[PDB]
Amino acid sequence: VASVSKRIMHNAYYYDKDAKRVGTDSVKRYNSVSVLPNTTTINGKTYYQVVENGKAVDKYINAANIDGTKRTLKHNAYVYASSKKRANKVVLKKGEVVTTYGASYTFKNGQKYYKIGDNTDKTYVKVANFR
């Protein structure tokens, strides 16, 4: 079957066609998985169907961990590499659209951050700056 390599942008569990998790393992960022090119919808959410050993299997990865999610900033936001370290001097402005990858991360400061940027760089934005 036709397969395409997709980079995992956020630690992703495997799910079956019933939105229930498959196994205890998880594919870690930023590794690559082979999936079907066209996407599918489970419970309204977008998924990729995993291809293993040349055949499609009952394993699905949430597309938010591959394609991400286009979000709009409601505040001006800095780009962070950790809780206290700034990643650069980029200042994202209110109204700009940014793609975030996967569920938010809780840093050690207690606040929650979104991984941004289609790359492997430690670039995070506070969730409180979105919606």
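Conventions and cut-offs
Residues numbered from 1 in each chain as written, not as in the entry; some residues may be left out. Heavy atoms only, no water. Helix = DSSP H or I, 4+ residues; strand = E, 2+ residues; numbered from the N terminus. Contact = heavy atoms within 4.5 Å. Domains from an automatic or database assignment. Buried area = accessible area lost by both parts, 1.4 Å probe. Core = buried A, V, L, I, M, F, W, Y, C linked by side-chain atoms within 4.5 Å. Buried < 20%, exposed > 50% of the residue type's maximum accessible area, 1.4 Å probe, protein only.

**Notes on the environment of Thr40**
Here is step 1 of the chain: Inspection of the secondary structure puts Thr40 in strand β3 (residues 40-42).
Here is step 2 of the chain: As a C-alpha pair, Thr40 and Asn62 span 22 residues in sequence and 9.9 Å in three-dimensional space.
Here is step 3 of the chain: Excluding residues within four positions of it along the chain, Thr40 makes contact with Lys45, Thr46, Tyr47 and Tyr60.

**Some points on the domain arrangement of the protein**
Here is step 1 of the chain: Per the domain assignment, the segments of the protein are domain 1 (4-65) and domain 2 (69-129).
Here is step 2 of the chain: Centre-to-centre, using C-alpha coordinates, domain 1 lies 24 Å away from domain 2.
Here is step 3 of the chain: With 7 residues of domain 1 in contact, the opposing surface of domain 2 contributes 12 residues.
Here is step 4 of the chain: Counting each side, the surface lost to burial between domain 1 and domain 2 is near 790 Å², with a carbon and sulfur contribution of 50%.

**Let's talk about the nonpolar core**
Here is step 1 of the chain: Counting residues in hydrophobic clusters, the biggest one holds 12 residues: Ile8, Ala12, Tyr14, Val27, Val33, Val35, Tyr48, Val50, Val57, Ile61, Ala63 and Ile66.
Here is step 2 of the chain: Looking at this core, the elements with two or more residues in it are β2 (32-35), β4 (45-52) and β5 (55-62).
Here is step 3 of the chain: When residues no more than four places from it in sequence are discounted, the contact partners of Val35 are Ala2, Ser3, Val4, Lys6, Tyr48, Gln49, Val50 and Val51.
Here is step 4 of the chain: Counting 9 residues, the second-largest nonpolar core is a separate cluster that includes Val79, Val98, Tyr114 and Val125.

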